[PDB]
Every structure is written in structure tokens, then in C-alpha cells.
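First the structure, in the form of C-alpha cells, and then the observations on it.
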Amino acid sequence: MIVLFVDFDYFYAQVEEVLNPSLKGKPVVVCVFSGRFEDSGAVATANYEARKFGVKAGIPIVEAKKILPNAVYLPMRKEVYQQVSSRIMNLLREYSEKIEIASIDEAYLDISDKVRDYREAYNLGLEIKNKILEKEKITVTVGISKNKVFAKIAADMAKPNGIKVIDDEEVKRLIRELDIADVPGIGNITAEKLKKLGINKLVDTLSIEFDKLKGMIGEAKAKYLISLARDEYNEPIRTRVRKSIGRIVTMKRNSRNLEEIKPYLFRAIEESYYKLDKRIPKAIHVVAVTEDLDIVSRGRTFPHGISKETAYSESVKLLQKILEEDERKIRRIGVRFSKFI
DNA sequence: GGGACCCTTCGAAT
DNA sequence: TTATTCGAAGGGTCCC
Ligand SMILES: Cc1cn([C@@H]2C[C@H](O)[C@@H](COP(=O)(O)O)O2)c(=O)[nH]c1=O
Ligand SMILES: [Ca+2]
Ligand SMILES: [Ca+2]
């Protein structure tokens, strides 16, 4: 298998630059403003000129502004970035039948039947990069390797505006030398759990007792990391099918009053049904984020599709269950629909 | 013993 | 200290 992975560079911020070219060279911060106080909310992403100084995805807006008070702060315009993404994803379809769109700005292409070797793959990556640049003026990073995991690792290493092949012998080097925290799917909690077993590199997973590894991080993650360490990972590139669609909203103030929470929940349902389009869900979950930021959910699978009317009434039940079963005030209320017909 | 869901939480990715 | 989606962990049921 040959996998070519594309990751659009600092995506939301770059789309803003493309639509306002006077922003190029300046720090640009894309923000999710939450409307509870002046500048409440979080940074969705920032360009490399903002990241240079510590302003990055996930930090509070208030903190970003203490670091770079004079950077450009822009509200998130998801709909705009989605349309650009869709167009660039359509460009990528010209280069392979087998394309897995992992997210708004990530796509895996199985190019096994389009290129013979890693050189031809590299040239195809450049072609791809040149094509997106010419059509949309967007720079992307290409990672090329023997599976989806190392193709992604390749892009993580080359970004921004990069292109990198990790050949079969470099895969083997990285199994020993790559810090295991840089493996896709290993975040802070798993990385720390792996350190407390002395596992720093993929290769280290092959000497620990499986049950011990499985005990700490779970069966699937253990099996995942081990298959990688054995150089035996080769998950197929597959068309992703949306399996759920939902909407969650921050309320202006935290609360546990049904009547006060209702309109927010109902707006969330309305937005979700719009996004669902012609899809008909058999499952519904009401999701509450509590005042201390924990997530609590209650749901129900119906034997048949859920009409909006049924969603409205069923969601009130599930919300009451949350209020009943959890003493905490709710900060965020939401709904997710799944198990589509 | 294990299929076939189902429910809620956790952890990770964008 | 945002929003969105995914997959799996464990808890469970009921069922051959
Ligand atoms: C926190 C956060 C990150 N991202 C992504 C994931 C990475 O942190 C970062 C990668 O995208 P970027 O580097 O193209 O901006 O932004 C979002 O799209 N939304 C979010 O809310
Ligand atoms: Ca990106
Ligand atoms: Ca990591």
C-alpha cells in the first residue's frame, strides 16, 4: 500500500488570509466567542505568526490577548471554511478513487494503483500541492508512507507547506526512535500512562506483557500500538460515512431550570435537523456540559426513525433525567442524532 | 461462551 | 477553559 495524506495548513486562519490577503504576515487568531463576558471563549486556531508567541488552538481568548493584544482576532466562520474544504476535497478526488476524508482539513488517498514507487508518489504530492495552490491559493502539507499512521506522522513532521515520504526503512527507524507521544491517537492521558510503564517508543510495546499493556491503556490501543511496532498496521482507506450529527450550545448563564434550558435545547434540535438533511435518525442523545466542564449524556434508541416532533418531546425527558441524576448546574446543552436509516 | 445490541463515559482528533 | 465527530471501554440485557 502507498498512502498519500493531505493536511491543510493552519486551515481556518489561512482561509481568512485568502479572503483578506492584507492579513498575511500578521498574527491571525480564529476564535469561538461564547458571549458570557468580554472576550469569553477559546481560540479555534491561529496562524504560525501567532503560534510563534504561544497563541494556539484551545487557549482562552483572554489569555491570547494578554500575549498578543494587537493580533487580528476573527470570529469563527465554520460555514465558509467548510465550503473551501469541500472544493479542495473535490480537487483531491481527481488523484484517487480511494479517498478517506478524516476531517475538514485531512484526507487520506490510497495511491497504490496510481504510482509504482515513492519517487512517483513524491511527484504526485507536488502535483497535488501545486493544484490546490493554483485553484484555491491554499498551502497544504503532504505525508507519504506505507500506511495511514506513518503518512500522518510524515505530515506532522513536514508542516507547514511541506511534503515528506517515510520509506520502509525510516518506518523501522521510527519504531525505535520516535517518541510514542507523537503517534496519532496517543494524547496526554495515554502518553503519561505509557511513561509510567517505561514505554517511550513503539518498540517498547513488544517486551511488556500484553495483559499489562491492555490493563493500563485498553485492548484496542494496545493492539493498535503493537501492530504498529510490529510493522503490521495497514488499515484500509475507506469512504467515511457520517454516523452522527449534533449541536451543542453555551448558555448565557449556567442553570438547572427546565424552562430556561428548553429554548437552547430546542435551538440545538432545529440546527441538528437542518444539518441532518434527508437522513433520519433512530437514536437521540441529549448532552449536557456541567459547570465544572464535565460531560453528562442521556439518550434513547427508538425502533424507527425520529421525527422532529418526537425529538422535541423525547429530548425533554432525557434532559430531566440529567437534572434528576446529576446535582450540578448545566453550562452547555446539546443534542446528537445517530443510527441513521 | 459469545452474539447483538444498548447505555454512558472517556480520550483523542480536527 | 469552543464545537464537532469518532471509536472504544466497560457496564449491562436477552438470547441461543
Ligand atoms: C482545538 C481545535 C483544534 N482544531 C484543529 C486541530 C489542531 O489543533 C489544529 C490543526 O489545524 P491547523 O493546524 O490546520 O489549524 O486545529 C480545530 O479545528 N478546532 C478546534 O476547536
Ligand atoms: Ca491542518
Ligand atoms: Ca500526542
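Heavy-atom basis, side chains included; hydrogens, waters and symmetry copies ignored. Protein chains get the first letters and strands the later ones, always in sequence-line order, with residue 1 at the start of each.
- Across all strands shown, A:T45 has no heavy atoms under 4.0 Å from either base or sugar-phosphate atoms.
- Of the residues in residues 86-101 of chain A, not one places a heavy atom less than 4.0 Å from an atom of DNA chain C.
- Contact annotation: A:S103 side-chain N/O to C:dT5 OP1/OP2 distance is not under 4.0 Å.
- Remark: P of C:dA3 and CD of A:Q82 are 18 Å apart, rounded to the nearest angstrom.
- Sorted by residue number, the list of members of residues 179-199 of chain A with any non-hydrogen atom under 4.0 Å from DNA chain C is empty.
- Qualifying side chain to side chain donor-acceptor pair (under 3.5 Å) partners for A:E192, counting only residues two or more places apart in sequence or in other chains: A:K196.
- Here the P atom of nucleotide C:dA3 and the CD atom of A:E79 are 14 Å apart, to the nearest Å.
- Nucleotides of DNA chain B lying under 4.0 Å from heavy atoms of chain A occupy a range whose first and last members, 5' to 3', are B:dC6 to B:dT14.
- Here the NZ-CZ distance, from A:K252 to A:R331, works out to 13.5 Å after rounding to the nearest 0.5 Å.
- Between A:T239 and A:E100, the side chains place no donor N or O within less than 3.5 Å of an acceptor N or O (distance only, hydrogens not considered).
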Footprint string (nucleotides 6-13 of chain C, 5' to 3'): B base within contact, S backbone only, - free, heavy atoms under 4.0 Å: SSSS----

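- In this structure, A:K282 fails the cation-pi test against A:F302, since its NZ or CZ atom is not both closer than 6.0 Å to the six-membered ring centre and inside 45 degrees of the ring normal.
- Of the residues in residues 288-314 of chain A, those with a non-hydrogen atom less than 4.0 angstrom from any atom of DNA chain C are A:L293.
- Below 30°, between 30° and 60°, or above 60°: for A:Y12 and A:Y81 the angle between ring planes is below 30°, a parallel geometry.
- The pentose of C:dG10 is categorized as south (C2'-endo side) on the basis of a negative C1'-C2'-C3'-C4' torsion.
- Hydrophobic clustering (side-chain heavy atoms under 4.5 Å, transitive across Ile, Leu, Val, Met, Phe, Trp, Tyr) keeps A:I104 apart from A:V43.
- Interface residues of residues 263-279 of chain A facing DNA chain B, ordered by number: none; criterion, heavy-atom separation under 4.0 Å.
- Rounded to whole angstrom, the span from the CD atom of A:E38 across to the P atom of C:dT1 amounts to 13 Å.
- The distance from the CG atom of A:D167 to the CG atom of A:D117 is 11.5 Å, given to the nearest 0.5 Å.
- Between the CZ atom of A:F5 and the CG atom of A:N147 there is a distance of 12.5 Å, given to the nearest 0.5 Å.
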A:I175 and A:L228: CA distance, side-chain angles, deciding distance, side-chain contact (heavy atoms from CB on, under 4.5 Å) verdict: CA-CA 8 Å; A:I175 286 157; A:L228 287 166; over 6 Å; no

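- Applying the side chain to side chain donor-acceptor pair (under 3.5 Å) rule to pairs touching residues 225-234 of chain A yields A:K146-A:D231, sequence neighbours excluded.
- Each end of the helix from B:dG1-C:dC16 to B:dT14-C:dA3 gets its own axis from five base pairs, and the two axes differ in direction by 10°, given to 10 degrees.
- Within the 4.0 Å cut-off from OP1 or OP2 of C:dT1, not a single side-chain nitrogen or oxygen of A:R36 is found.
- Side chain to side chain, A:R332 and A:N254 fail the donor-acceptor criterion of an N or O pair below 3.5 Å.
- A 4.5 Å side-chain heavy-atom check between A:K129 and A:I163 finds at least one atom pair inside the cut-off.
- In this structure, A:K56 atom NZ and C:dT2 atom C1' are separated by 16 Å, rounded to whole Å.
- Within 4.0 Å (heavy atoms only), A:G246 reaches sugar-phosphate atoms of the nucleic acid but no base atom.
- A side chain to side chain donor-acceptor pair (under 3.5 Å) check over residues 177-186 of chain A, counting only residues at least two apart or in different chains, returns the pairs A:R173-A:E177.
- Taking the side chain to side chain donor-acceptor pair (under 3.5 Å) definition, one finds that A:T45 meets it with A:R51, sequence neighbours left out.
- To the nearest 0.5 Å, atoms CD1 (A:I261) and CG (A:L323) are separated by 5.0 Å.
- Taking the six-membered ring for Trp and the full ring otherwise, A:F33 and A:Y73 have centroids separated by 6.0 Å or more.
- Using a 4.0 Å heavy-atom cutoff across all strands shown, A:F37 reaches sugar-phosphate atoms only and no base atom.
- With no hydrogens or angles considered, no side-chain donor-acceptor pair links A:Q83 and A:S86 at under 3.5 Å.
- At most 12 heavy atoms of other shown residues, nucleotides or ligands fall within 6.0 angstrom of atom CD1 in A:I295.
- A salt bridge (charged side-chain N to carboxylate O under 4.0 Å, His left out) check over residues 200-221 of chain A, counting only residues at least two apart or in different chains, returns the pairs A:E219-A:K223.
- When heavy atoms are screened at a 4.0 angstrom cut-off, A:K223 is found touching no nucleic acid atom at all.
- Geometric assessment of A:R267 against the ring of A:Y264 yields a positive cation-pi assignment under the 6.0 Å and 45° thresholds.
- A:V241 places none of its side-chain heavy atoms less than 4.5 Å from the side chain of A:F340.
- With rounding to whole Å, A:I59 atom CD1 is found 13 Å from C:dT2 atom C1'.
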